[PDB]
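We begin with a single chain expressed as structure tokens, specifically the form deposited in one PDB entry.
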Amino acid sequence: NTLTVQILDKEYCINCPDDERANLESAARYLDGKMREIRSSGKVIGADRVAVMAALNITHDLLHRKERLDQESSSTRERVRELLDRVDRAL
């Protein structure tokens, strides 16, 4: 089974099991989008570098999302401990 995605004005026929089609298609869409932004600036010159840079930003995006989530959890933990102290001091 072949999936044919379009990434940055070029075509790719990838042997993909029906199982992963949607996943691969959105991954391609996501990569395409990120490559379009990068290309539409000028810092990166070279179609191969654009792709590599995109993969690195996508990697950053996800690492940062996890960092933000971890911070969000830790914070509510601090607030929960603040609640606990209020409870111990008066009730």
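Only residues modelled in both forms are compared. Superpose the two forms; the largest set of C-alphas matching within 1.5 Å is the rigid core. A residue's number is simply how far along the shown sequence it sits, counting from 1.
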| item | value |
| --- | --- |
| Greater mean Cα temperature factor according to the PDB record, 42-50 or 28-36 | 42-50 |
| Between 5-13 and 71-79 (mean CA B-factor, as deposited), the higher | 5-13 |
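Separately, the form deposited in another entry exists; it is not shown, and the next lines address it.
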query: Displaced residue check between the shown form and the other one: residue 31, CA, 2 Å or over, core reference; finding: no
query: In the other entry, shift in Cα separation for residue 40 relative to residue 64, 3 Å or more; finding: farther
query: Cα-Cα trend for residue 40 and residue 65, given that in the other entry the distance shifts by 3 Å or more; finding: farther
query: Displacement runs between the shown form and the other one, C-alpha, 2 Å or more, three or more consecutive residues, core aligned; finding: 55-91
